[PDB]
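Asks: Just so it is clear, I am handing over protein_37.cif, which has mmCIF, N, CA and C atoms.
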```
data_final
#
loop_
_atom_site.label_atom_id
_atom_site.label_comp_id
_atom_site.auth_asym_id
_atom_site.auth_seq_id
_atom_site.Cartn_x
_atom_site.Cartn_y
_atom_site.Cartn_z
N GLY A 582 -23.77 -82.78 -34.03
CA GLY A 582 -23.37 -84.20 -34.17
C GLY A 582 -22.55 -84.79 -33.02
N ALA A 583 -23.13 -85.70 -32.22
CA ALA A 583 -22.51 -86.29 -31.05
C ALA A 583 -21.73 -87.56 -31.51
N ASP A 584 -20.57 -87.79 -30.92
CA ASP A 584 -19.71 -88.91 -31.32
C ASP A 584 -20.00 -90.18 -30.47
N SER A 585 -19.78 -91.38 -31.06
CA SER A 585 -19.75 -92.61 -30.24
C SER A 585 -18.66 -93.56 -30.76
N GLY A 586 -17.88 -94.19 -29.88
CA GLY A 586 -16.83 -95.21 -30.33
C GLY A 586 -15.77 -95.36 -29.26
N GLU A 587 -14.69 -96.02 -29.58
CA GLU A 587 -14.45 -96.44 -30.97
C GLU A 587 -15.04 -97.81 -31.28
N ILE A 588 -15.19 -98.06 -32.55
CA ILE A 588 -15.56 -99.37 -33.08
C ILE A 588 -14.31 -100.00 -33.72
N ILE A 589 -13.79 -101.07 -33.14
CA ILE A 589 -12.52 -101.63 -33.65
C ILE A 589 -12.78 -102.40 -34.98
N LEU A 590 -12.08 -102.02 -36.07
CA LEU A 590 -12.20 -102.64 -37.40
C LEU A 590 -11.01 -103.62 -37.62
N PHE A 591 -9.88 -103.37 -36.93
CA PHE A 591 -8.66 -104.21 -36.99
C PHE A 591 -7.84 -103.94 -35.76
N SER A 592 -7.27 -105.01 -35.20
CA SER A 592 -6.24 -104.82 -34.22
C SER A 592 -5.24 -105.97 -34.36
N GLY A 593 -3.95 -105.70 -34.23
CA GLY A 593 -2.93 -106.75 -34.48
C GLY A 593 -1.69 -106.00 -34.90
N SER A 594 -0.94 -106.58 -35.82
CA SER A 594 0.28 -105.92 -36.33
C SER A 594 0.42 -106.33 -37.78
N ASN A 595 0.14 -105.41 -38.72
CA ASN A 595 0.36 -105.76 -40.12
C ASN A 595 1.44 -104.84 -40.65
N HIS A 596 2.45 -105.38 -41.30
CA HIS A 596 3.51 -104.57 -41.88
C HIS A 596 3.54 -104.67 -43.36
N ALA A 597 3.72 -103.52 -44.04
CA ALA A 597 3.86 -103.52 -45.51
C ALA A 597 5.06 -102.64 -45.84
N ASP A 598 5.83 -103.11 -46.81
CA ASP A 598 7.01 -102.37 -47.36
C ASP A 598 6.70 -101.84 -48.70
N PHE A 599 7.20 -100.66 -49.05
CA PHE A 599 6.92 -100.12 -50.37
C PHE A 599 7.87 -98.94 -50.55
N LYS A 600 8.65 -98.97 -51.64
CA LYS A 600 9.63 -97.92 -51.87
C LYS A 600 9.45 -97.11 -53.10
N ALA A 601 8.71 -97.58 -54.10
CA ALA A 601 8.45 -96.77 -55.33
C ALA A 601 7.41 -97.46 -56.19
N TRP A 602 6.70 -96.66 -56.94
CA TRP A 602 5.76 -97.12 -57.91
C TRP A 602 6.48 -97.70 -59.14
N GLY A 603 5.77 -98.48 -59.92
CA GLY A 603 6.19 -98.90 -61.25
C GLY A 603 6.26 -100.40 -61.22
N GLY A 604 6.12 -100.97 -60.05
CA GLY A 604 6.52 -102.34 -59.82
C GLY A 604 5.40 -103.33 -59.81
N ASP A 605 5.71 -104.45 -59.15
CA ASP A 605 4.75 -105.54 -58.92
C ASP A 605 3.39 -104.99 -58.48
N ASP A 606 3.39 -104.46 -57.26
CA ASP A 606 2.18 -104.06 -56.67
C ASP A 606 2.50 -103.01 -55.61
N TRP A 607 1.45 -102.46 -55.07
CA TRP A 607 1.51 -101.44 -54.03
C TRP A 607 0.75 -102.06 -52.89
N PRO A 608 1.47 -102.60 -51.93
CA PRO A 608 0.72 -103.42 -50.91
C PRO A 608 -0.06 -102.57 -49.96
N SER A 609 -1.04 -103.19 -49.26
CA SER A 609 -1.79 -102.51 -48.18
C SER A 609 -1.37 -103.03 -46.84
N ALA A 610 -1.39 -102.16 -45.81
CA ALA A 610 -1.21 -102.65 -44.44
C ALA A 610 -2.56 -103.12 -43.90
N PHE A 611 -3.66 -102.64 -44.43
CA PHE A 611 -4.97 -103.12 -44.06
C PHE A 611 -5.85 -102.91 -45.29
N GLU A 612 -6.68 -103.87 -45.60
CA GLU A 612 -7.71 -103.62 -46.68
C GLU A 612 -8.95 -104.50 -46.50
N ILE A 613 -10.08 -104.02 -47.05
CA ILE A 613 -11.38 -104.68 -46.97
C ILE A 613 -11.98 -104.60 -48.36
N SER A 614 -12.56 -105.74 -48.83
CA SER A 614 -13.39 -105.71 -50.05
C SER A 614 -14.85 -105.80 -49.57
N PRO A 615 -15.57 -104.67 -49.51
CA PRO A 615 -16.88 -104.71 -48.77
C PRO A 615 -17.96 -105.59 -49.42
N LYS A 616 -17.86 -105.91 -50.72
CA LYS A 616 -18.86 -106.88 -51.26
C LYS A 616 -18.63 -108.29 -50.75
N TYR A 617 -17.50 -108.56 -50.14
CA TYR A 617 -17.11 -109.94 -49.75
C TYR A 617 -16.84 -110.11 -48.27
N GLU A 618 -16.72 -108.99 -47.54
CA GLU A 618 -16.29 -109.05 -46.12
C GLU A 618 -17.17 -108.07 -45.40
N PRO A 619 -17.63 -108.42 -44.19
CA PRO A 619 -18.49 -107.49 -43.37
C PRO A 619 -17.72 -106.19 -43.05
N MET A 620 -18.41 -105.06 -43.17
CA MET A 620 -17.87 -103.75 -42.84
C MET A 620 -18.63 -103.33 -41.61
N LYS A 621 -18.00 -103.37 -40.44
CA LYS A 621 -18.63 -103.10 -39.12
C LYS A 621 -19.00 -101.62 -38.90
N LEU A 622 -18.64 -100.76 -39.83
CA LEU A 622 -18.94 -99.34 -39.78
C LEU A 622 -20.00 -99.04 -40.83
N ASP A 623 -21.05 -98.38 -40.43
CA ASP A 623 -22.07 -97.95 -41.36
C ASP A 623 -21.66 -96.68 -42.09
N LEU A 624 -21.26 -96.79 -43.36
CA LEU A 624 -20.71 -95.58 -44.10
C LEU A 624 -21.81 -94.63 -44.49
N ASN A 625 -23.09 -94.95 -44.24
CA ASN A 625 -24.14 -93.98 -44.51
C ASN A 625 -24.27 -92.98 -43.40
N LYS A 626 -23.77 -93.35 -42.22
CA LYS A 626 -23.68 -92.45 -41.10
C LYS A 626 -22.48 -91.53 -41.23
N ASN A 627 -22.47 -90.41 -40.52
CA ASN A 627 -21.24 -89.61 -40.47
C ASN A 627 -20.21 -90.35 -39.64
N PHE A 628 -18.92 -90.30 -40.02
CA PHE A 628 -17.89 -91.14 -39.30
C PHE A 628 -16.49 -90.51 -39.55
N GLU A 629 -15.53 -90.98 -38.75
CA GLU A 629 -14.14 -90.82 -39.14
C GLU A 629 -13.49 -92.17 -38.88
N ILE A 630 -12.34 -92.39 -39.53
CA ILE A 630 -11.57 -93.61 -39.38
C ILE A 630 -10.23 -93.26 -38.79
N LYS A 631 -9.77 -94.01 -37.77
CA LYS A 631 -8.52 -93.72 -37.09
C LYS A 631 -7.63 -94.88 -37.32
N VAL A 632 -6.34 -94.58 -37.61
CA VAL A 632 -5.35 -95.68 -37.84
C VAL A 632 -4.13 -95.47 -36.97
N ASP A 633 -3.79 -96.45 -36.09
CA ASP A 633 -2.55 -96.35 -35.35
C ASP A 633 -1.50 -96.99 -36.22
N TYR A 634 -0.41 -96.25 -36.48
CA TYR A 634 0.65 -96.81 -37.40
C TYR A 634 1.98 -96.29 -36.91
N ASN A 635 3.05 -96.91 -37.44
CA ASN A 635 4.44 -96.57 -37.13
C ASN A 635 5.18 -96.69 -38.47
N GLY A 636 6.00 -95.71 -38.82
CA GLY A 636 6.81 -95.89 -40.08
C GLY A 636 6.37 -94.90 -41.14
N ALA A 637 6.16 -95.39 -42.34
CA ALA A 637 5.81 -94.58 -43.53
C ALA A 637 4.58 -93.73 -43.35
N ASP A 638 4.56 -92.57 -44.00
CA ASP A 638 3.26 -91.92 -44.22
C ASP A 638 2.25 -92.82 -44.89
N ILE A 639 0.97 -92.64 -44.58
CA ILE A 639 -0.05 -93.56 -45.16
C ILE A 639 -1.13 -92.80 -45.86
N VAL A 640 -1.87 -93.49 -46.74
CA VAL A 640 -3.03 -92.92 -47.33
C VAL A 640 -4.22 -93.87 -47.10
N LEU A 641 -5.43 -93.33 -47.14
CA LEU A 641 -6.63 -94.15 -47.11
C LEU A 641 -7.23 -94.09 -48.52
N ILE A 642 -7.61 -95.22 -49.03
CA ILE A 642 -8.21 -95.36 -50.37
C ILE A 642 -9.64 -95.91 -50.27
N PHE A 643 -10.59 -95.25 -50.94
CA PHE A 643 -11.91 -95.88 -51.24
C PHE A 643 -11.99 -95.94 -52.76
N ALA A 644 -12.37 -97.12 -53.29
CA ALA A 644 -12.39 -97.29 -54.78
C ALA A 644 -13.60 -98.07 -55.21
N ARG A 645 -14.04 -97.72 -56.44
CA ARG A 645 -15.19 -98.43 -57.01
C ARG A 645 -14.75 -98.66 -58.47
N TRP A 646 -14.63 -99.93 -58.83
CA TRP A 646 -13.99 -100.28 -60.13
C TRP A 646 -14.81 -99.88 -61.27
N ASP A 647 -16.08 -100.22 -61.26
CA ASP A 647 -16.90 -100.00 -62.46
C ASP A 647 -17.12 -98.50 -62.84
N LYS A 648 -16.87 -97.58 -61.94
CA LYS A 648 -16.95 -96.15 -62.21
C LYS A 648 -15.57 -95.49 -62.21
N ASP A 649 -14.54 -96.29 -62.14
CA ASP A 649 -13.21 -95.80 -62.13
C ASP A 649 -12.91 -94.77 -61.11
N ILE A 650 -13.41 -95.00 -59.92
CA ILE A 650 -13.12 -94.06 -58.82
C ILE A 650 -12.03 -94.64 -57.95
N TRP A 651 -11.02 -93.83 -57.66
CA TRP A 651 -9.92 -94.19 -56.75
C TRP A 651 -9.71 -92.95 -55.92
N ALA A 652 -10.33 -92.95 -54.72
CA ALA A 652 -10.31 -91.74 -53.86
C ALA A 652 -9.17 -91.97 -52.88
N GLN A 653 -8.12 -91.16 -52.87
CA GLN A 653 -6.95 -91.42 -52.13
C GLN A 653 -6.66 -90.16 -51.30
N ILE A 654 -6.59 -90.32 -49.99
CA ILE A 654 -6.39 -89.10 -49.19
C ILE A 654 -5.38 -89.37 -48.11
N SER A 655 -4.72 -88.29 -47.71
CA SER A 655 -3.83 -88.28 -46.56
C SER A 655 -4.73 -87.96 -45.30
N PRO A 656 -4.24 -88.26 -44.13
CA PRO A 656 -5.03 -87.94 -42.90
C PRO A 656 -5.23 -86.43 -42.73
N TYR A 657 -6.35 -86.06 -42.11
CA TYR A 657 -6.55 -84.66 -41.75
C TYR A 657 -5.47 -84.25 -40.76
N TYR A 658 -5.09 -85.13 -39.80
CA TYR A 658 -4.02 -84.88 -38.84
C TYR A 658 -3.55 -86.24 -38.36
N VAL A 659 -2.39 -86.20 -37.71
CA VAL A 659 -1.77 -87.34 -37.02
C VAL A 659 -1.32 -86.92 -35.62
N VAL A 660 -1.65 -87.68 -34.58
CA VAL A 660 -1.23 -87.22 -33.24
C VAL A 660 -0.78 -88.47 -32.52
N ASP A 661 0.45 -88.44 -32.01
CA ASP A 661 1.07 -89.54 -31.26
C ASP A 661 0.77 -90.88 -31.96
N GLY A 662 1.02 -90.90 -33.26
CA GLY A 662 0.95 -92.18 -33.96
C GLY A 662 -0.43 -92.60 -34.44
N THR A 663 -1.44 -91.73 -34.29
CA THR A 663 -2.78 -92.07 -34.75
C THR A 663 -3.20 -91.10 -35.84
N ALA A 664 -3.44 -91.62 -37.02
CA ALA A 664 -3.90 -90.81 -38.15
C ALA A 664 -5.42 -90.79 -38.14
N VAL A 665 -6.03 -89.63 -38.45
CA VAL A 665 -7.51 -89.56 -38.57
C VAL A 665 -7.96 -89.09 -39.96
N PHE A 666 -8.93 -89.77 -40.54
CA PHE A 666 -9.48 -89.47 -41.84
C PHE A 666 -10.95 -89.25 -41.63
N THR A 667 -11.52 -88.16 -42.15
CA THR A 667 -12.95 -87.90 -41.97
C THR A 667 -13.81 -88.37 -43.15
N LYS A 668 -15.09 -88.65 -42.92
CA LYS A 668 -15.96 -88.95 -44.06
C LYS A 668 -16.05 -87.76 -45.02
N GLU A 669 -15.97 -86.53 -44.51
CA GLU A 669 -15.96 -85.35 -45.40
C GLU A 669 -14.76 -85.43 -46.37
N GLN A 670 -13.59 -85.79 -45.85
CA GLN A 670 -12.39 -85.78 -46.74
C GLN A 670 -12.58 -86.88 -47.81
N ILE A 671 -13.07 -88.06 -47.39
CA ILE A 671 -13.21 -89.23 -48.30
C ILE A 671 -14.30 -88.92 -49.34
N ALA A 672 -15.41 -88.26 -48.92
CA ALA A 672 -16.48 -87.95 -49.88
C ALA A 672 -16.03 -86.93 -50.95
N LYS A 673 -15.17 -86.01 -50.52
CA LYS A 673 -14.67 -84.98 -51.43
C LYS A 673 -13.79 -85.68 -52.53
N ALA A 674 -12.89 -86.58 -52.09
CA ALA A 674 -12.00 -87.31 -53.01
C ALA A 674 -12.78 -88.31 -53.88
N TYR A 675 -13.88 -88.85 -53.36
CA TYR A 675 -14.67 -89.91 -54.06
C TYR A 675 -15.64 -89.30 -55.09
N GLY A 676 -16.02 -88.06 -54.82
CA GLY A 676 -17.00 -87.28 -55.64
C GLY A 676 -18.44 -87.47 -55.24
N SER A 677 -18.67 -88.17 -54.13
CA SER A 677 -20.02 -88.36 -53.63
C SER A 677 -19.89 -88.74 -52.15
N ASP A 678 -20.95 -88.51 -51.40
CA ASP A 678 -20.95 -89.14 -50.07
C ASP A 678 -21.75 -90.45 -50.01
N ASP A 679 -22.14 -90.93 -51.18
CA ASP A 679 -22.89 -92.16 -51.31
C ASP A 679 -21.95 -93.27 -51.74
N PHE A 680 -21.67 -94.19 -50.83
CA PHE A 680 -20.65 -95.21 -51.09
C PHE A 680 -21.29 -96.51 -51.55
N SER A 681 -22.55 -96.45 -52.01
CA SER A 681 -23.12 -97.70 -52.56
C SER A 681 -22.20 -98.26 -53.65
N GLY A 682 -22.02 -99.57 -53.62
CA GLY A 682 -21.30 -100.21 -54.68
C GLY A 682 -19.80 -100.12 -54.46
N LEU A 683 -19.30 -99.52 -53.35
CA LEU A 683 -17.89 -99.52 -53.07
C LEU A 683 -17.27 -100.90 -53.16
N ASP A 684 -16.11 -100.94 -53.80
CA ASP A 684 -15.36 -102.19 -53.90
C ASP A 684 -14.20 -102.42 -53.00
N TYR A 685 -13.60 -101.36 -52.51
CA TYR A 685 -12.30 -101.49 -51.90
C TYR A 685 -12.03 -100.35 -50.91
N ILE A 686 -11.57 -100.71 -49.72
CA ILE A 686 -11.08 -99.71 -48.78
C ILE A 686 -9.67 -100.21 -48.37
N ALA A 687 -8.63 -99.36 -48.37
CA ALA A 687 -7.29 -99.82 -48.01
C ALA A 687 -6.53 -98.70 -47.34
N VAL A 688 -5.65 -99.08 -46.42
CA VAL A 688 -4.64 -98.16 -45.83
C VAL A 688 -3.33 -98.65 -46.46
N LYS A 689 -2.62 -97.79 -47.21
CA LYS A 689 -1.39 -98.13 -47.95
C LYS A 689 -0.28 -97.23 -47.48
N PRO A 690 0.96 -97.73 -47.43
CA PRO A 690 2.13 -96.85 -47.14
C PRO A 690 2.57 -96.10 -48.39
N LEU A 691 2.90 -94.84 -48.14
CA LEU A 691 3.66 -94.18 -49.24
C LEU A 691 5.12 -94.55 -49.11
N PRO A 692 5.91 -94.23 -50.23
CA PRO A 692 7.29 -94.73 -50.29
C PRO A 692 8.05 -94.40 -49.10
N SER A 693 8.85 -95.35 -48.62
CA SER A 693 9.74 -95.08 -47.49
C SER A 693 10.79 -96.16 -47.36
N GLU A 694 11.81 -95.89 -46.56
CA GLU A 694 12.83 -96.89 -46.30
C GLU A 694 12.35 -98.01 -45.43
N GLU A 695 11.54 -97.70 -44.45
CA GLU A 695 11.22 -98.62 -43.36
C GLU A 695 9.88 -99.38 -43.54
N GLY A 696 9.03 -98.89 -44.41
CA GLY A 696 7.70 -99.41 -44.58
C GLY A 696 6.78 -98.91 -43.42
N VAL A 697 5.58 -99.51 -43.35
CA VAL A 697 4.64 -99.08 -42.30
C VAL A 697 4.20 -100.30 -41.48
N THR A 698 3.95 -100.10 -40.19
CA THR A 698 3.20 -101.13 -39.43
C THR A 698 1.89 -100.54 -38.92
N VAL A 699 0.77 -101.23 -39.12
CA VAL A 699 -0.53 -100.71 -38.64
C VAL A 699 -0.93 -101.68 -37.49
N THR A 700 -1.33 -101.09 -36.36
CA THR A 700 -1.67 -101.90 -35.15
C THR A 700 -3.15 -101.77 -34.79
N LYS A 701 -3.89 -100.79 -35.37
CA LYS A 701 -5.33 -100.70 -35.05
C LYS A 701 -5.93 -99.87 -36.17
N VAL A 702 -7.15 -100.21 -36.60
CA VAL A 702 -7.98 -99.35 -37.43
C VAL A 702 -9.31 -99.33 -36.68
N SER A 703 -9.84 -98.15 -36.47
CA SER A 703 -11.16 -98.06 -35.79
C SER A 703 -12.03 -97.03 -36.51
N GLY A 704 -13.33 -97.00 -36.13
CA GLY A 704 -14.23 -95.97 -36.62
C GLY A 704 -14.92 -95.26 -35.43
N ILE A 705 -15.39 -94.03 -35.69
CA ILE A 705 -16.15 -93.35 -34.69
C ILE A 705 -17.29 -92.81 -35.48
N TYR A 706 -18.51 -92.96 -34.96
CA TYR A 706 -19.67 -92.33 -35.56
C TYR A 706 -19.70 -90.88 -34.98
N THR A 707 -19.96 -89.86 -35.85
CA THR A 707 -19.64 -88.42 -35.49
C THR A 707 -20.94 -87.67 -35.71
N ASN A 708 -21.87 -88.55 -36.09
CA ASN A 708 -23.31 -88.53 -36.12
C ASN A 708 -23.71 -89.36 -37.35
N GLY A 709 -24.72 -88.98 -38.15
CA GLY A 709 -25.17 -89.77 -39.27
C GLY A 709 -25.90 -88.84 -40.23
#
```
In structure tokens, what does this structure look like?

Replies:
Amino acid sequence: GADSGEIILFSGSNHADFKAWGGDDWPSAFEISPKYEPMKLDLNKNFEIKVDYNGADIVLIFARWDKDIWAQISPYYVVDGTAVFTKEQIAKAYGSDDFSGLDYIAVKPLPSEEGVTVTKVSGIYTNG
């Protein structure tokens, strides 16, 4: 499997604060509702997603409401501020590698004092 990228999915500065569950909501530093917004990454291909962030530990979420799936994973690794999540890790947490009907993709901070800032989300095709 030969790689190609990156494909920029977000660039800018989004900050989210979050200190504990139980509350109003659990905000995202980046999120996409794929039935309503173009997803520039083909999830049927093999891929990984990279997130440049500063601050809180983060998780990546893929969710599908009607099947009650909430696949939540930590990065495989983080290096100099860039977290990487593989399609293998997301498929394992989701219970399938078939993301038809996906409703939600989000990068969320776990609890922290400072919150998280996300400055880039990208994809790399790692084959298909």

Asks: Residues near stretch 661-672 of chain A, anyone? I mean within 8 Å using only C-alpha atoms, not counting same-chain ones fewer than 3 positions away, as a ChimeraX atom specification.

Replies: /A:627-635,641,643,652-658,675-679

Asks: Could you write out the selected residues, including N, CA and C atoms, as a PDB file, in the frame of the given file?

Replies:
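File selection_13.pdb, as written:
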```pdb
ATOM      1  N   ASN A 627     -22.470 -90.410 -40.520  1.00  0.00           N
ATOM      2  CA  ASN A 627     -21.240 -89.610 -40.470  1.00  0.00           C
ATOM      3  C   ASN A 627     -20.210 -90.350 -39.640  1.00  0.00           C
ATOM      4  N   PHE A 628     -18.920 -90.300 -40.020  1.00  0.00           N
ATOM      5  CA  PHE A 628     -17.890 -91.140 -39.300  1.00  0.00           C
ATOM      6  C   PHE A 628     -16.490 -90.510 -39.550  1.00  0.00           C
ATOM      7  N   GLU A 629     -15.530 -90.980 -38.750  1.00  0.00           N
ATOM      8  CA  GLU A 629     -14.140 -90.820 -39.140  1.00  0.00           C
ATOM      9  C   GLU A 629     -13.490 -92.170 -38.880  1.00  0.00           C
ATOM     10  N   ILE A 630     -12.340 -92.390 -39.530  1.00  0.00           N
ATOM     11  CA  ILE A 630     -11.570 -93.610 -39.380  1.00  0.00           C
ATOM     12  C   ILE A 630     -10.230 -93.260 -38.790  1.00  0.00           C
ATOM     13  N   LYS A 631      -9.770 -94.010 -37.770  1.00  0.00           N
ATOM     14  CA  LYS A 631      -8.520 -93.720 -37.090  1.00  0.00           C
ATOM     15  C   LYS A 631      -7.630 -94.880 -37.320  1.00  0.00           C
ATOM     16  N   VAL A 632      -6.340 -94.580 -37.610  1.00  0.00           N
ATOM     17  CA  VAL A 632      -5.350 -95.680 -37.840  1.00  0.00           C
ATOM     18  C   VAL A 632      -4.130 -95.470 -36.970  1.00  0.00           C
ATOM     19  N   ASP A 633      -3.790 -96.450 -36.090  1.00  0.00           N
ATOM     20  CA  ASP A 633      -2.550 -96.350 -35.350  1.00  0.00           C
ATOM     21  C   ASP A 633      -1.500 -96.990 -36.220  1.00  0.00           C
ATOM     22  N   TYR A 634      -0.410 -96.250 -36.480  1.00  0.00           N
ATOM     23  CA  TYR A 634       0.650 -96.810 -37.400  1.00  0.00           C
ATOM     24  C   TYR A 634       1.980 -96.290 -36.910  1.00  0.00           C
ATOM     25  N   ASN A 635       3.050 -96.910 -37.440  1.00  0.00           N
ATOM     26  CA  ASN A 635       4.440 -96.570 -37.130  1.00  0.00           C
ATOM     27  C   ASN A 635       5.180 -96.690 -38.470  1.00  0.00           C
ATOM     28  N   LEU A 641      -5.430 -93.330 -47.140  1.00  0.00           N
ATOM     29  CA  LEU A 641      -6.630 -94.150 -47.110  1.00  0.00           C
ATOM     30  C   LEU A 641      -7.230 -94.090 -48.520  1.00  0.00           C
ATOM     31  N   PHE A 643     -10.590 -95.250 -50.940  1.00  0.00           N
ATOM     32  CA  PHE A 643     -11.910 -95.880 -51.240  1.00  0.00           C
ATOM     33  C   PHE A 643     -11.990 -95.940 -52.760  1.00  0.00           C
ATOM     34  N   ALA A 652     -10.330 -92.950 -54.720  1.00  0.00           N
ATOM     35  CA  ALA A 652     -10.310 -91.740 -53.860  1.00  0.00           C
ATOM     36  C   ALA A 652      -9.170 -91.970 -52.880  1.00  0.00           C
ATOM     37  N   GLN A 653      -8.120 -91.160 -52.870  1.00  0.00           N
ATOM     38  CA  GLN A 653      -6.950 -91.420 -52.130  1.00  0.00           C
ATOM     39  C   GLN A 653      -6.660 -90.160 -51.300  1.00  0.00           C
ATOM     40  N   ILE A 654      -6.590 -90.320 -49.990  1.00  0.00           N
ATOM     41  CA  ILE A 654      -6.390 -89.100 -49.190  1.00  0.00           C
ATOM     42  C   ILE A 654      -5.380 -89.370 -48.110  1.00  0.00           C
ATOM     43  N   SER A 655      -4.720 -88.290 -47.710  1.00  0.00           N
ATOM     44  CA  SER A 655      -3.830 -88.280 -46.560  1.00  0.00           C
ATOM     45  C   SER A 655      -4.730 -87.960 -45.300  1.00  0.00           C
ATOM     46  N   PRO A 656      -4.240 -88.260 -44.130  1.00  0.00           N
ATOM     47  CA  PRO A 656      -5.030 -87.940 -42.900  1.00  0.00           C
ATOM     48  C   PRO A 656      -5.230 -86.430 -42.730  1.00  0.00           C
ATOM     49  N   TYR A 657      -6.350 -86.060 -42.110  1.00  0.00           N
ATOM     50  CA  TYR A 657      -6.550 -84.660 -41.750  1.00  0.00           C
ATOM     51  C   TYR A 657      -5.470 -84.250 -40.760  1.00  0.00           C
ATOM     52  N   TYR A 658      -5.090 -85.130 -39.800  1.00  0.00           N
ATOM     53  CA  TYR A 658      -4.020 -84.880 -38.840  1.00  0.00           C
ATOM     54  C   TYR A 658      -3.550 -86.240 -38.360  1.00  0.00           C
ATOM     55  N   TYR A 675     -13.880 -88.850 -53.360  1.00  0.00           N
ATOM     56  CA  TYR A 675     -14.670 -89.910 -54.060  1.00  0.00           C
ATOM     57  C   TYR A 675     -15.640 -89.300 -55.090  1.00  0.00           C
ATOM     58  N   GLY A 676     -16.020 -88.060 -54.820  1.00  0.00           N
ATOM     59  CA  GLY A 676     -17.000 -87.280 -55.640  1.00  0.00           C
ATOM     60  C   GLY A 676     -18.440 -87.470 -55.240  1.00  0.00           C
ATOM     61  N   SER A 677     -18.670 -88.170 -54.130  1.00  0.00           N
ATOM     62  CA  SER A 677     -20.020 -88.360 -53.630  1.00  0.00           C
ATOM     63  C   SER A 677     -19.890 -88.740 -52.150  1.00  0.00           C
ATOM     64  N   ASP A 678     -20.950 -88.510 -51.400  1.00  0.00           N
ATOM     65  CA  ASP A 678     -20.950 -89.140 -50.070  1.00  0.00           C
ATOM     66  C   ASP A 678     -21.750 -90.450 -50.010  1.00  0.00           C
ATOM     67  N   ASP A 679     -22.140 -90.930 -51.180  1.00  0.00           N
ATOM     68  CA  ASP A 679     -22.890 -92.160 -51.310  1.00  0.00           C
ATOM     69  C   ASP A 679     -21.950 -93.270 -51.740  1.00  0.00           C
TER      70      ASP A 679
END
```

Asks: Go through A:704, A:638, A:621, A:612 and flag the residue nearest residue A:686, using all atoms listed in the file for the distances.

Replies: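 Selected residue with least distance to residue A:686: A:612.
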
Asks: Could you check how far atom C of residue A:613 sits from atom N of residue A:685, in Å to one decimal?

Replies: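 So the two atoms, atom C of residue A:613 and atom N of residue A:685, lie 5.5 Å apart.
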
Asks: Assuming the chain letters and numbering stay as they are in my file, what does the PyMOL selection byres ((chain A and resi 591) around 6.5) actually select? List them as a list in words.

Replies: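 Selection result, ordered by chain and number: residues 588, 589, 590, 592, 593, 700, 701, 702 and 703 of chain A.
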
Asks: Need the shell around stretch 614-618 of chain A: protein/DNA/RNA residues with any atom at most 12 Å away, counting only C-alpha atoms. Skip same-chain ones fewer than 4 positions apart. Format as a list in words?

Replies: residues 590, 622, 623, 624, 642, 643, 644, 645, 646, 680, 681, 682, 683, 684, 685, 686 and 687 of chain A

Asks: How far is it from atom CA of residue A:608 to atom N of residue A:690, in Å with one decimal?

Replies: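 The value is 6.7 Å.
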
Asks: Using DSSP secondary structure from the backbone, list all helix (DSSP H, G or I) positions within chain A, as a list in words.

Replies: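 Those in chain A that DSSP calls helix (DSSP H, G or I) are residues 646, 647, 648, 668, 669, 670, 671, 672, 673, 674 and 675 of chain A.
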
Asks: Figure out the distance between atom C of residue A:696 and atom N of residue A:596, please, to one decimal in Å.

Replies: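 According to the coordinates, atom N of residue A:596 and atom C of residue A:696 are separated by 8.1 Å.
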
Asks: Please define a box with edges along x, y and z of the file around all atoms of stretch 615-618 of chain A given in the file, extend it by 4 Å on each side, and return its centre and edge lengths in Å to one decimal, as JSON.

Replies:
```
{"center_x": -17.2, "center_y": -107.4, "center_z": -48.3, "size_x": 11.3, "size_y": 13.4, "size_z": 13.9}
```

Asks: Chain A: which residues are strand (DSSP E) by DSSP, as a ChimeraX atom specification?

Replies: /A:585-597,611-613,628-636,639-645,650-654,658-660,663-667,685-690,697-706

Asks: For residue A:599, which residue among A:692, A:611, A:659, A:640 is the nearest when counting only C-alpha atoms?

Replies: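 Selected residue with least distance to residue A:599: A:692.
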
Asks: Write out as a ChimeraX atom specification each polymer residue whose atoms come within 8 Å of residue A:600, counting only N, CA and C atoms; drop sequence neighbours fewer than 3 positions from it.

Replies: /A:597,603,607,690-696

Asks: Just checking: using all atoms listed in the file, which residue out of A:587, A:582, A:688, A:705 ends up closest to residue A:639?

Replies: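 Selected residue with least distance to residue A:639: A:688.
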